[PDB]
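Shown next: input_25.cif, containing mmCIF, C-alpha atoms and all ligand atoms.
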```
data_model
loop_
_atom_site.group_PDB
_atom_site.id
_atom_site.type_symbol
_atom_site.label_atom_id
_atom_site.label_comp_id
_atom_site.auth_asym_id
_atom_site.auth_seq_id
_atom_site.Cartn_x
_atom_site.Cartn_y
_atom_site.Cartn_z
ATOM 1 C CA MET A 1 125.005 117.912 154.671
ATOM 2 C CA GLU A 2 124.264 114.232 155.133
ATOM 3 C CA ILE A 3 120.751 113.069 154.258
ATOM 4 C CA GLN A 4 119.332 110.078 156.076
ATOM 5 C CA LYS A 5 117.145 107.616 154.283
ATOM 6 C CA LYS A 6 114.156 106.126 155.987
ATOM 7 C CA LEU A 7 111.756 106.694 153.072
ATOM 8 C CA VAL A 8 108.119 105.691 153.523
ATOM 9 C CA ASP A 9 106.822 102.177 152.841
ATOM 10 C CA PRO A 10 105.096 101.522 149.462
ATOM 11 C CA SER A 11 101.906 100.652 151.360
ATOM 12 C CA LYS A 12 101.812 104.169 152.713
ATOM 13 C CA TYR A 13 102.428 105.716 149.354
ATOM 14 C CA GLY A 14 98.832 106.376 148.650
ATOM 15 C CA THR A 15 98.283 108.496 151.660
ATOM 16 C CA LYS A 16 101.546 110.448 151.597
ATOM 17 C CA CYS A 17 102.275 110.343 147.833
ATOM 18 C CA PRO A 18 99.723 108.177 145.855
ATOM 19 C CA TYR A 19 101.004 109.554 142.616
ATOM 20 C CA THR A 20 104.335 109.481 140.898
ATOM 21 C CA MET A 21 105.656 112.742 139.542
ATOM 22 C CA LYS A 22 108.929 114.436 138.867
ATOM 23 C CA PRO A 23 109.616 117.475 141.078
ATOM 24 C CA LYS A 24 110.032 120.756 139.279
ATOM 25 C CA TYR A 25 109.753 123.028 142.284
ATOM 26 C CA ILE A 26 110.850 123.154 145.909
ATOM 27 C CA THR A 27 108.708 124.264 148.802
ATOM 28 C CA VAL A 28 110.441 125.372 152.030
ATOM 29 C CA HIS A 29 108.597 125.397 155.403
ATOM 30 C CA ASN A 30 109.664 126.377 158.932
ATOM 31 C CA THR A 31 108.733 124.327 161.922
ATOM 32 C CA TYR A 32 106.259 125.830 164.362
ATOM 33 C CA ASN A 33 107.549 123.366 166.910
ATOM 34 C CA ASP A 34 110.989 122.147 167.830
ATOM 35 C CA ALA A 35 111.981 118.595 167.196
ATOM 36 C CA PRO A 36 114.885 116.792 165.468
ATOM 37 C CA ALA A 37 114.298 116.298 161.714
ATOM 38 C CA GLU A 38 114.415 112.571 162.273
ATOM 39 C CA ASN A 39 111.436 112.859 164.635
ATOM 40 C CA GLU A 40 109.459 114.744 162.019
ATOM 41 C CA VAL A 41 110.147 112.231 159.315
ATOM 42 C CA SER A 42 109.423 109.195 161.513
ATOM 43 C CA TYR A 43 106.117 110.765 162.442
ATOM 44 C CA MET A 44 105.202 112.080 158.984
ATOM 45 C CA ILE A 45 105.870 108.835 157.060
ATOM 46 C CA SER A 46 103.591 106.961 159.399
ATOM 47 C CA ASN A 47 100.779 109.537 159.332
ATOM 48 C CA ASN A 48 97.352 109.066 157.998
ATOM 49 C CA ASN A 49 97.022 112.807 157.613
ATOM 50 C CA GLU A 50 97.174 114.262 154.125
ATOM 51 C CA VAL A 51 100.263 116.314 154.737
ATOM 52 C CA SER A 52 103.604 114.898 153.858
ATOM 53 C CA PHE A 53 107.014 116.327 152.967
ATOM 54 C CA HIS A 54 110.159 114.990 151.370
ATOM 55 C CA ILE A 55 113.108 116.073 153.376
ATOM 56 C CA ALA A 56 113.347 117.444 156.831
ATOM 57 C CA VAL A 57 116.509 119.015 158.010
ATOM 58 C CA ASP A 58 117.437 120.079 161.486
ATOM 59 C CA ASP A 59 120.559 121.403 163.167
ATOM 60 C CA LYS A 60 121.850 117.921 163.744
ATOM 61 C CA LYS A 61 120.662 115.680 160.984
ATOM 62 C CA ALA A 62 118.830 115.726 157.669
ATOM 63 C CA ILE A 63 116.381 113.029 156.969
ATOM 64 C CA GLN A 64 114.405 112.281 153.926
ATOM 65 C CA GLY A 65 111.143 110.379 154.190
ATOM 66 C CA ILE A 66 109.200 110.750 150.994
ATOM 67 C CA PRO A 67 110.792 109.579 147.724
ATOM 68 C CA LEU A 68 111.597 112.550 145.478
ATOM 69 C CA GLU A 69 110.341 110.726 142.423
ATOM 70 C CA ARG A 70 106.900 110.951 143.962
ATOM 71 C CA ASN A 71 104.614 113.747 145.003
ATOM 72 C CA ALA A 72 104.098 115.178 148.469
ATOM 73 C CA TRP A 73 100.975 116.675 149.854
ATOM 74 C CA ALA A 74 102.321 119.688 151.586
ATOM 75 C CA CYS A 75 100.719 122.842 150.508
ATOM 76 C CA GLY A 76 97.140 121.692 150.357
ATOM 77 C CA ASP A 77 97.295 123.014 146.855
ATOM 78 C CA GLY A 78 95.705 119.856 145.547
ATOM 79 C CA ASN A 79 96.830 119.278 142.052
ATOM 80 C CA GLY A 80 98.126 122.758 141.466
ATOM 81 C CA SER A 81 101.871 122.737 141.742
ATOM 82 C CA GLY A 82 103.764 121.762 144.871
ATOM 83 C CA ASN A 83 101.522 118.940 146.014
ATOM 84 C CA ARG A 84 102.145 117.313 142.671
ATOM 85 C CA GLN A 85 105.658 118.279 141.625
ATOM 86 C CA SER A 86 107.618 120.022 144.340
ATOM 87 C CA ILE A 87 110.019 118.989 146.941
ATOM 88 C CA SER A 88 108.870 119.762 150.365
ATOM 89 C CA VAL A 89 111.650 120.754 152.707
ATOM 90 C CA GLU A 90 110.874 121.216 156.350
ATOM 91 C CA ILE A 91 113.349 123.255 158.439
ATOM 92 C CA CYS A 92 113.345 121.991 161.967
ATOM 93 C CA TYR A 93 113.929 124.049 165.125
ATOM 94 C CA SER A 94 112.456 127.148 163.468
ATOM 95 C CA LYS A 95 110.408 127.463 166.591
ATOM 96 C CA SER A 96 113.633 127.344 168.603
ATOM 97 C CA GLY A 97 114.723 130.376 166.515
ATOM 98 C CA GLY A 98 118.246 130.347 167.912
ATOM 99 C CA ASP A 99 121.364 128.350 167.081
ATOM 100 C CA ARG A 100 119.392 125.176 166.342
ATOM 101 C CA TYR A 101 117.415 127.093 163.733
ATOM 102 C CA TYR A 102 120.435 128.851 162.238
ATOM 103 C CA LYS A 103 122.148 125.554 161.654
ATOM 104 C CA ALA A 104 118.951 123.903 160.424
ATOM 105 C CA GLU A 105 118.467 126.701 157.878
ATOM 106 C CA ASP A 106 122.147 126.465 156.794
ATOM 107 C CA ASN A 107 121.798 122.743 156.511
ATOM 108 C CA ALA A 108 118.697 123.092 154.310
ATOM 109 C CA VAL A 109 120.760 125.327 152.071
ATOM 110 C CA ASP A 110 123.138 122.534 151.227
ATOM 111 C CA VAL A 111 120.403 120.030 150.859
ATOM 112 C CA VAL A 112 118.245 122.221 148.634
ATOM 113 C CA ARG A 113 121.073 123.045 146.222
ATOM 114 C CA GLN A 114 121.515 119.301 145.621
ATOM 115 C CA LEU A 115 117.957 119.087 144.345
ATOM 116 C CA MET A 116 118.465 122.060 142.087
ATOM 117 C CA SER A 117 121.514 120.403 140.687
ATOM 118 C CA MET A 118 120.105 116.834 140.394
ATOM 119 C CA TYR A 119 116.489 117.462 139.413
ATOM 120 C CA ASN A 120 117.240 120.666 137.544
ATOM 121 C CA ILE A 121 115.208 123.041 139.528
ATOM 122 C CA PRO A 122 116.014 126.733 139.299
ATOM 123 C CA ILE A 123 116.205 128.790 142.490
ATOM 124 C CA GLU A 124 113.165 130.573 141.034
ATOM 125 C CA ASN A 125 111.093 127.472 141.788
ATOM 126 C CA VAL A 126 111.875 127.508 145.413
ATOM 127 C CA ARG A 127 108.658 128.741 146.903
ATOM 128 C CA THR A 128 107.064 129.027 150.280
ATOM 129 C CA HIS A 129 103.909 127.225 151.423
ATOM 130 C CA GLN A 130 102.323 130.655 151.188
ATOM 131 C CA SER A 131 103.572 131.105 147.637
ATOM 132 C CA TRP A 132 101.215 128.359 146.483
ATOM 133 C CA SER A 133 98.147 128.778 148.624
ATOM 134 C CA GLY A 134 99.038 131.018 151.506
ATOM 135 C CA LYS A 135 99.846 129.066 154.616
ATOM 136 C CA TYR A 136 102.535 130.855 156.455
ATOM 137 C CA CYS A 137 105.230 128.234 156.950
ATOM 138 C CA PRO A 138 108.615 129.983 156.600
ATOM 139 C CA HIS A 139 107.420 132.391 159.317
ATOM 140 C CA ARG A 140 110.912 133.225 160.507
ATOM 141 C CA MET A 141 112.276 133.575 157.019
ATOM 142 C CA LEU A 142 109.414 135.703 155.776
ATOM 143 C CA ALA A 143 109.153 137.928 158.835
ATOM 144 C CA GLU A 144 112.840 138.567 159.156
ATOM 145 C CA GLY A 145 113.437 138.906 155.430
ATOM 146 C CA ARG A 146 115.657 135.860 155.455
ATOM 147 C CA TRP A 147 113.846 134.122 152.593
ATOM 148 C CA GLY A 148 115.689 135.943 149.834
ATOM 149 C CA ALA A 149 118.869 135.412 151.744
ATOM 150 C CA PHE A 150 118.151 131.680 152.064
ATOM 151 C CA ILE A 151 117.424 131.542 148.384
ATOM 152 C CA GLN A 152 120.716 133.221 147.577
ATOM 153 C CA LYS A 153 122.497 130.904 150.025
ATOM 154 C CA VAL A 154 120.958 127.862 148.279
ATOM 155 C CA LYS A 155 122.011 129.310 144.916
ATOM 156 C CA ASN A 156 125.702 128.485 145.581
ATOM 157 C CA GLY A 157 125.842 126.629 148.785
ATOM 158 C CA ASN A 158 125.721 128.847 151.798
ATOM 159 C CA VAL A 159 128.509 131.122 150.843
ATOM 160 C CA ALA A 160 126.866 132.889 147.982
ATOM 161 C CA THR A 161 126.951 136.624 147.613
ATOM 162 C CA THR A 162 124.200 137.621 150.008
ATOM 163 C CA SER A 163 126.083 137.831 153.268
ATOM 164 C CA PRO A 164 128.203 141.030 153.389
ATOM 165 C CA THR A 165 131.614 140.317 154.822
HETATM 166 ZN ZN ZN B 1 103.802 124.081 155.221
#
```
Do you think you could lay out the structure here as structure tokens?
Amino acid sequence: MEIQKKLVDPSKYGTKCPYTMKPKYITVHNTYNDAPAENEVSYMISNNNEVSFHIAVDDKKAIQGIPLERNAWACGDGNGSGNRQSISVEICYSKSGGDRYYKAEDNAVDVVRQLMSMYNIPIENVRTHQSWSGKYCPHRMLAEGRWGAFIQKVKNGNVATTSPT
């Protein structure tokens, strides 16, 4: 999966990621609304709002907006774990639920494994927004029992042993 780079401006760092920290975990979220990942990033990096994320992936494209060598306020967990040292991945089109979501999820898989490989994050550190504080973000994944599946998919790169064929 190809990641786009339109990372946030240094002047916006201290509203999206004022601190610098190395990510040890990964936090996956599902989108409650449908939009291309590029839309989410363009919006998020320019926001004044506390909540930020690193990489957004949709069915079409994957775009990263917050530098991974910095924090991301995502969980509202303050200084606990993910807000400080996790990678926030936002799956776009989760609201759309259908084909756009299925690709977006599959695309996140490929993206997420890269972080596990590069930053040395075990699949055991991939957590939900609820796993830190309790905001239900991966709604689709949690409700349909697709979280564990996603996690196994990320483990290898989509075609891990979790899809019976
Ligand atoms: Zn969230």
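With only C-alpha atoms and all ligand atoms as the basis for measurement, A:77 is the residue among A:77, A:38, A:69, A:58 that approaches ligand ZN 1 (chain B) most closely.
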Nearest candidate to residue A:4 (options A:21, A:63, A:57, A:35; using all atoms listed in the file):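 The closest residue to residue A:4 is A:63.
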Residues selected by the PyMOL selection byres (((not hetatm)) within 6 of (chain B and resi 1)), written as a PyMOL selection string: chain A and resi 29+74-75+129+137
Residue A:119 surroundings by all atoms listed in the file, 8 Å radius, close-in-sequence under 4 positions cut, as a list in words: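 Result of the neighbour search: residues 23, 24 and 115 of chain A.
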Could you write those residues out with C-alpha atoms, as a PDB file, in the frame of the given file?
```
ATOM      1  CA  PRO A  23     109.616 117.475 141.078  1.00  0.00           C
ATOM      2  CA  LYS A  24     110.032 120.756 139.279  1.00  0.00           C
ATOM      3  CA  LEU A 115     117.957 119.087 144.345  1.00  0.00           C
TER       4      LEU A 115
END
```
Spatial neighbours of stretch 95-99 of chain A, 10 Å, all atoms listed in the file, chain gap at least 4 places, as a list in words: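 Close residues of stretch 95-99 of chain A: residues 30, 31, 32, 33, 34, 35, 59, 91, 103, 104, 105, 139 and 140 of chain A.
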Output of the PyMOL selection byres (((chain A and resi 145-155) around 12) and not hetatm), listed as an MDAnalysis selection string: chainID A and resid 26:30 91 102 104:117 121:128 131 137:144 156:164
